[PDB]
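Engineer: return a 3D structure for these sequence lines:
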Amino acid sequence: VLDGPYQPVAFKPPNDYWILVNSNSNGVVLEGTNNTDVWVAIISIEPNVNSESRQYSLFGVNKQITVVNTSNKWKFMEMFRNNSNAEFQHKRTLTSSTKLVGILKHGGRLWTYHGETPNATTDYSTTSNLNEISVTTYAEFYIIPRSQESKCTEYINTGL
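Structural biologist: Numbers count the residues shown, from 1 in each chain. The relevant structure is shown in the block below.
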């Protein structure tokens, strides 16, 4: 049912496969880019963090990012930009008790999860250059075909 776990690598995911990362620590879980119009990084924040500034290496650059998470769940912050000259924006949030995060390339679009477990759902960013998006994971991950997406969304929301 679940292909993995693979060790952390940089690679170019094929289309229509969910990459499901089993995050452990509170740093950058995941980052991806095609070097033309998508840079995305997913940042993990542990439970019960009052508002403060933390530093993260995004694509080899130390960046200052304001974080907060007053819940008892982990927070995964989806940072995004579409221009190599811009700064990252906190685009989306996944609030999770499972610590599992997803990214998929499908239909000209880049898909992640957001919301609150157990009712987290997918959303998208657009691109003209989907197939050049490569992904560097910083924790162990599994591969799921999009045809099995409902299982992926179960994992995301209820764990392994």
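
Engineer: what about residue 80, distance to residue 89?
Structural biologist: Using CB to CB, to the nearest Å, we find residue 80 at a distance of 6 Å from residue 89. The way it works is simple: take the backbone N, C-alpha and C, and place the C-beta from them, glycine included.

Engineer: who's more crowded, these two?
Structural biologist: Taking other CB atoms under 10 Å, residue 80 and residue 89 do not tie; residue 80 has more neighbours (18 against 11).

Engineer: the more buried one contacts residue 42, correct?
Structural biologist: No: assessed by CB atoms under 8 Å, residue 80 is found out of contact with residue 42, at 9.9 Å.

Engineer: roughly how far does residue 96 sit from residue 81?
Structural biologist: Taking CB to CB as the measure, residue 96 and residue 81 are separated by 23 Å.

Engineer: who's more crowded, the two?
Structural biologist: Neighbour comparison, residue 96 and residue 81: the larger count goes to residue 96, with 24 against 18 (by other CB under 10 Å).

Engineer: what sits closest to that one if chain neighbours are left out?
Structural biologist: The spatially closest residue to residue 96, leaving aside those adjacent along the chain, is residue 117, at 4.7 Å (CB to CB, 6 or more residues apart in numbering).

Engineer: what's that neighbour in contact with, if anything?
Structural biologist: Residue 117 makes contact with 73, 94-98, 156-158 under the criterion CB atoms under 8 Å, 6 or more residues apart in numbering.

Engineer: what's the answer for residue 151, then?
Structural biologist: In this structure, residue 151 makes contact with 1, 144, judged by CB under 8 Å, 6+ apart.
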